[PDB]
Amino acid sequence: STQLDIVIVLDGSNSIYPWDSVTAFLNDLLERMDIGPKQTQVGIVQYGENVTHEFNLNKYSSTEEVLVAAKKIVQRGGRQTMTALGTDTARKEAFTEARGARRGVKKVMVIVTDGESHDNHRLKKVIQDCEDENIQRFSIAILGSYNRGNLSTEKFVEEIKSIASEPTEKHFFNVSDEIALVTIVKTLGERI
């Protein structure tokens, strides 16, 4: 039966606004989980230019504690968007026994971003490494800032889709804007 190690990878770019929309997403997604050492564990990493572990997989042992922490996460911002670095760091550091990962438990990564990555040339390798380590990946593309800035989103969407596990349609979410993020909580939760 179930058991789950979930690491949410958050793009802290300034373009994402309002930040309340992201924390609302975290709250609504996480409150529907049974969090504990013998159940689901959640770890959160935020990236911009560099990466920060907001908290490890075994930092909190109850849904209640996680919800309190999730709300405290502040937007770190950043010039460049290093999604490959964020994902790779999550694989290499977040999903390790030292930080709480559990032997034999299913691994799930949830990536939320609102732009193409400056280190997109690393994605091919980074994604394959996650795949070899059996990390199911759900990727979320927020088209808000791009649309508000009249930027074509075609390539952006293609890039974020490439991060999602197959079948893509089930692991990739095209979110029109920040305020619409909480809208996918029900579905994402049913698929994780």
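Residue indices: 1-based, along the sequence shown.
Inset, instruction - For the higher mean C-alpha B factor in the entry, choose 118-126 or 74-82. - result: Comparing averages over the C-alpha atoms only gives 74-82.
Legend entry - Between 57-65 and 157-165 (mean CA B-factor, as deposited), the higher: Going by the record's values, the stretch with the higher mean is 57-65.
Inset, instruction - Pick out which of 143, 29, 45, 151 has the highest C-alpha B-factor in the PDB entry. - result: The C-alpha B-factor peaks, among 143, 29, 45, 151, at 151.
Legend entry - Ranked against its chain, the third holding the CA B-factor of residue 50: For residue 50, the deposited C-alpha B-factor lands in the highest third.
Inset, instruction - Comparing against every modelled residue in the chain, figure out the third that the C-alpha B-factor of residue 101 lands in (lowest, middle or highest). - result: Middle third, going by the recorded CA B-factors of the chain.
Legend entry - B-factor third for the C-alpha atom of residue 14 within its chain: Highest third - that is where residue 14 ends up once the chain's C-alpha B-factors are sorted.
Inset, instruction - Determine, from the deposited record, the chain-internal third of the Cα B-factor for residue 7: lowest, middle or highest. - result: Bottom third by C-alpha B-factor.
Inset, instruction - Ordered by C-alpha B-factor within the chain, which third holds residue 39? Give me lowest, middle or highest, please. - result: CA B-factor rank for residue 39: highest third.
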